[PDB]
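Novice: Dropping a structure here in structure tokens format, bear with me for questions.
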Amino acid sequence: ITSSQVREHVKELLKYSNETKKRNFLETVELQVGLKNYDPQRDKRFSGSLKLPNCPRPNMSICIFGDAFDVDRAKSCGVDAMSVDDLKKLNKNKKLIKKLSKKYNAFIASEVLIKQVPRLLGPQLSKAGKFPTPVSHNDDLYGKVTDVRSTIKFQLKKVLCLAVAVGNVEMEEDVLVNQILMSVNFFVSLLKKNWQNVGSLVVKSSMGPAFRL
Amino acid sequence: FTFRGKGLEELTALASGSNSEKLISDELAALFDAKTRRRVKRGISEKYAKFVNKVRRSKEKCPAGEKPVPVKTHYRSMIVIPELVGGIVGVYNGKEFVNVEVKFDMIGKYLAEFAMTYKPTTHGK
Amino acid sequence: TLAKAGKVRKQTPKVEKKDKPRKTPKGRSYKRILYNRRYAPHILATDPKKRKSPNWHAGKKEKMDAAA
Amino acid sequence: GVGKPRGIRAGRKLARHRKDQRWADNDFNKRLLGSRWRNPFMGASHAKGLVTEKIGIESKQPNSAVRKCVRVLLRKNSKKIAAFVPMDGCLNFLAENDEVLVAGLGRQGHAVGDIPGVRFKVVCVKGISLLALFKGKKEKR
RNA sequence: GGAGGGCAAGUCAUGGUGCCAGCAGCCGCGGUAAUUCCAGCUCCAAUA
RNA sequence: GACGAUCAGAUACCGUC
RNA sequence: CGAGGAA
RNA sequence: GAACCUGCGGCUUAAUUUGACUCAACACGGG
RNA sequence: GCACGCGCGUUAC
RNA sequence: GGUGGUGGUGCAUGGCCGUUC
RNA sequence: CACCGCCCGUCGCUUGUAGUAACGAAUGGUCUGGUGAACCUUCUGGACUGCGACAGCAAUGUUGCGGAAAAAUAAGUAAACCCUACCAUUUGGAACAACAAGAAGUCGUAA
RNA sequence: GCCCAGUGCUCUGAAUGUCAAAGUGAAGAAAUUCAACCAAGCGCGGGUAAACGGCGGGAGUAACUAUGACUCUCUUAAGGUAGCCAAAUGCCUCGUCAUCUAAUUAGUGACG
RNA sequence: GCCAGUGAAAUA
RNA sequence: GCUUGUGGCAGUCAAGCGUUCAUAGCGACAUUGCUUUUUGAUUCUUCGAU
RNA sequence: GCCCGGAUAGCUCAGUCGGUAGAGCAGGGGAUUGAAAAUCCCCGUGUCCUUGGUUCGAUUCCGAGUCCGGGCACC
RNA sequence: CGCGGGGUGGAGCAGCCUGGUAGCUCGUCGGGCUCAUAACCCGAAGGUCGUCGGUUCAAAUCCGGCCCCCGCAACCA
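Chains as they are written, first to last, in the authors' numbering: chain B, 4 to 216; chain S, 11 to 135; chain X, 7 to 74; chain L, 2 to 142.
What follows is the structure in structure tokens.
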């Protein structure tokens, strides 16, 4: 709870383990949070790294599609399909628009809708996990998929999600919790007023918990 | 740059052909609608022939001063004959006689089709 | 109105009166004739219930002769 | 007994009673109250007068008609009189300002069923009986 | 002076008038076939 | 008299005072 | 005209 | 309610023949 | 006869 | 002075028919 | 002519009417306080005149007596006139108003 | 007589908005500057005119004619009620008709 | 789900 | 107090009225004037008494 | 006495920045009714008050009189 | 200007705090009903939700910024 105990989630919580000495292999810590919890559309992000610094952790197939040319916008990589003859029948509704825009990351496709997005395609998907975000959709979905694959930084969109990092095993305290904060930027604060907008969260590394608030 | 149906002249030769007997030679027959063909092929009157000549004199005698002598008739049942074009015939309707300048287009059509028989309705109350 | 005074009489065709063929006896004579034409025994003779009207002779020339 | 008293000594009573209960009669109450003298003729049977103007009056209830009438000025009395001119052409003889002789119509009071407020008849024009002027062979001026 | 009734006397298929002119004591007549108006005819009543 | 309601209208037939 | 208001 | 049909009103018209008007007028005058 | 207002009906969604 | 008249009065009328049924 | 029947009032309209009371005037009558013509009577008055005596025989004159005209007088009958009250009989008056009668006026509907 | 909307007065009233000083919180190193709540009062609600005072205006609108008890209206609390006048209030006004005069810019009686 | 999505505004 | 427009008042010419005639009695138009109880301008005299 | 105002058919009454004259009711001819009211079409009727001016013409725009019609009259 | 409440048919009122449907009365317009005449009733025409934008699938509806309306508050040199 943004208090002294931050370094109790960090410093005092960095060698908890669950057995004997402390092992003999590398470490793996971070600092959990989110993306903005807005609705993955209107306003929740912009630009600027923390860091932070990471990438996947497990899988990365997100979202990118629109026309017959959006497939190759997911061929030399791996993404979801919006289909062509579906935006007039079933390419969006609940578990539909989901499918294409409901993965884990967010979305990195382009744009093309017309008079249909106030309760179907572009619509039903927003806070679900996608609704047309900033993925430099013009050359494709790879270069700006540096904001959708690796490096990172920590593009935090769709539904929660983000990253963190600072050191290895044991050598951080005030800058461990203050490294977790450092592992937060346009995700912990931003422009006009943004020093906080949530309730709680989690964190650790592999040991056991962090802040007991 | 405007022309006319089937050649106003071909018909004067078609109508007044070798056998310019019955006002409507069997030639003109091929041209008219079934209803008209019916009538002529059935039993057309002779009066319709003396009326014919009455227009004739009106068309020539009149100087190029384009002032035709109106020919008066009740034969509203007459179907304009080719040679009947150009003359202004006064046709009775119910009240008086109607003067109509015969154009090439009103042939094969009933002479009555122009003598308005009733004044349609204007309104107010 | 006013000018509409006597509209009737003015519009009436003045017929003349039948210039007395002879005379009308005035005196005991008239009362006599009447006595004879009505209360004379030949009329009091036939039923008093079936005797005629002293003016059914409205001057009808057709019934005037039938009686006399 | 009945209301009336039957005493040989009570004649007076019965007498006064009759003199009293008798006022209930209009015919009585009428002549008794010198009423006849106050009318336009002052009791009189007839009256002379000057024609003030020939006016016409409308019939009443089931009848609709223009009655001929003369407004007269009685001589010694000096009153406005409503006088009905009799038979057909009659009013054609009455010249305005002439002298006229008037009499009532059936008992001085109600006018003939037809007339409205007229109570008089016209019998003479310039002192010439109307009937006389009504029949050609009689008189005219 | 009348002839629908009271109130004696026209059942004229009469002419004019058309709620107008007018009649009518009181009922009521009259708005195109008036038994009550105007008039003819014939009738009735009292009759110098 | 003051009010509610009813009515096309109600200082009226009901209702609160 | 997509089964039709007060009637 | 719909489009036609047919009758009545209305308004037009040279003229739109006229009867009929709550069941006891209006596809009725055999219209 | 047509700006329209009625009344039997014919055809239909 | 007639004929004839889908000209007027159904409140002058026959005949007929509708309604009350 | 039978509820699409009867029918009531406000206001309006149409055609009309001058009542009762008061007041005005007219005629007549009475009361109150005065002015008061005329005449009966009265007390006067006494031209004029009759008689007797004296101045003359006479006209005339003096006086006594008697009748007696005008004038004047008081009380009285009381005409007219005025003033003060009151009665009777007639007759008069107006805009607005009022009354009378009528209706398929107007608004509603009392019965 | 009718008007409580206006101005005043005045009641427990209003579920809520201002609203000062101290008192409280937050921030700086303080000085200090931001906060939240906060009595009355205000504003909201009601009564109140023998309280100050108020009391409309135009259109149509038959049974010669002019006419309004008629309705239509636009309208502010309410739209002058009994009563009363050219009056010591009436503009035009010397109002119009009488009445009192030979005569009345006076009187009085009427009429709105 | 979504590329389809209507409606006053689409969700795991 | 000037000034006199505006008021008022007279005056010339004579087309006209005046039924016959311009002037008995009046006079359009046009034009000359007097008047200082209208009114209007003006601000000289008097608010350091009218 | 000066200041505005109306003058229009049989009676009450409006007028492009002139050039034309109207409803209403009386009214007679109808439609209508059973007949009639009511109503709807129609008729009619005149220097738009008398003069002078302005104009091509004036009922109208001007100027005076004119009749009746509201506001001003020792000290 | 600072606080707070509000503009929705031609008029007066609803719908907004509870996003998807814009209603009532009068007025305008047509028809029922009736033996008929009033009365009475039905059905139509008509709103861009002051205006601009944002969330949103969707906005009169929630959110803003302007434009007027009313109420509070107020110290200008």
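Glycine included, each C-beta is placed from N, C-alpha and C at the ideal position.
Looking only at C-alpha atoms, which of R10(B), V167(B), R26(B) and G37(B) sits nearest to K161(B)?
Specialist: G37(B)
Novice: On the three-state DSSP scale, how would you describe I9(L)?
Specialist: coil
Novice: Against chain X, which members of the region 76 to 95 of chain L pass a CB distance test of less than 8 Å?
Specialist: Residues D89, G90, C91, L92 and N93.
Novice: Nearest CA to the CA of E97(L): which residue from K141(L), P63(L), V126(L) and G118(L)?
Specialist: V126(L)
Novice: Starting from the Cα of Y120(S), find the closest Cα among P80(S), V112(S), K69(S) and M88(S) and give me that residue.
Specialist: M88(S)
Novice: Check whether the Cβ atoms of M185(B) and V206(B) lie closer than 8 Å to each other.
Specialist: no
Novice: Using the Cα positions of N27(L) and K26(X), report the straight-line distance between them to the nearest angstrom.
Specialist: 54 Å
Novice: Let's see if you can read the secondary structure: which residues bound the alpha helix (DSSP H) around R43(X)?
Specialist: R34 to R44
Novice: Could I get the ranges of all uninterrupted alpha helix (DSSP H) runs contained in the region 94 to 130 of chain B, with 4 residues as the minimum, in chain order?
Specialist: 99 to 104
Novice: Per the DSSP calculation, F85(L) is bridged to which residue(s)?
Specialist: According to DSSP, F85(L) bridges with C70(L) and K122(L).
Novice: Roughly how many angstroms lie between the CA atoms of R13(L) and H111(L), to the nearest whole one?
Specialist: Taking the straight line from one Cα to the other gives about 39 Å.
Novice: Quick one: which chain L residues come within Cβ less than 8 Å of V14(X)?
Specialist: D89
Novice: Is DSSP giving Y85(S) helix, strand or coil here?
Specialist: coil
Novice: Kindly indicate if chain L contains any beta-carbon less than 8 Å away from that of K26(X).
Specialist: no
Novice: For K10(X), return the contacting residues in chain L, with the cut-off set at a CB-CB distance below 8 Å.
Specialist: Neighbours of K10(X) on chain L, chain order: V67.
Novice: Would you mind reading off the limits of the alpha helix (DSSP H) that contains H12(B)?
Specialist: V9 to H12
Novice: Report the option in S129(B), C58(B) and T136(B) whose CA atom is closest to the CA atom of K97(B).
Specialist: The closest CA to that of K97(B), considering only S129(B), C58(B) and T136(B), is found on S129(B).
Novice: Any Cβ of chain X within less than 8 Å of the Cβ of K55(L)?
Specialist: yes
Novice: Cβ of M85(B) within 8 Å of Cβ of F68(B)?
Specialist: yes
Novice: In terms of DSSP beta bridges, what is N109(S) paired with?
Specialist: For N109(S), DSSP records a beta bridge to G100(S).
Novice: Cβ atoms of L92(L) and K122(L): under 8 Å apart, would you say?
Specialist: no
Novice: So which of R142(L), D115(L) and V3(L) has the shortest CA-CA distance to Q62(L)?
Specialist: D115(L)
Novice: For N94(B), which residues from the same chain have a beta carbon less than 8 Å from its beta carbon, with the 5 sequence-adjacent residues on both sides left out?
Specialist: Around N94(B), the same chain offers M85, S86, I100, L103 and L124 as residues with beta carbons nearer than 8 Å, after the five sequence neighbours per side are excluded.
Novice: Give every residue of the same chain whose Cβ lies closer than 7 Å to the Cβ of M88(L), excluding the five residues on either side of it in the sequence, and list them in chain order.
Specialist: Answer for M88(L): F135, listed in chain order.
Novice: Please report whether the beta-carbon of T7(X) lies at a distance below 8 Å from any beta-carbon of chain L.
Specialist: yes
Novice: Report the three-state DSSP secondary structure of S130(L) (helix, strand or coil).
Specialist: strand
Novice: Which class does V103(L) belong to by DSSP, given the choice of helix, strand or coil?
Specialist: strand
Novice: Is it buried or exposed for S113(B), if we count other Cβ within 10 angstroms and need 16 for buried?
Specialist: That one is buried.
Novice: Kindly indicate which three-state DSSP category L18(S) falls into: helix, strand or coil?
Specialist: If DSSP states are grouped into helix, strand and coil, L18(S) belongs with the helices.
Novice: CA-CA distance, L106(L) and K138(L)?
Specialist: For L106(L) and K138(L), the distance between alpha carbons rounds to 27 Å.
Novice: To which residues of the same chain is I91(S) closer than 8 Å at the C-beta, ignoring the five residues directly before and after it?
Specialist: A25, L33, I34, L38, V62 and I117
Novice: From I117(B) to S192(B), what does the alpha carbon distance come to, in whole angstroms?
Specialist: Rounded to the nearest angstrom, the two C-alpha atoms are 34 Å apart.
Novice: Within its chain, find whatever has a CB closer than 8 Å to the CB of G90(L); leave out the 5 residues flanking it on each side and keep chain order.
Specialist: Excluding positions up to five away in sequence, the list reads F135.
Novice: Look at the alpha carbon of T5(B) and the alpha carbon of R45(B), and state the distance between them as a whole number of angstroms.
Specialist: 28 Å
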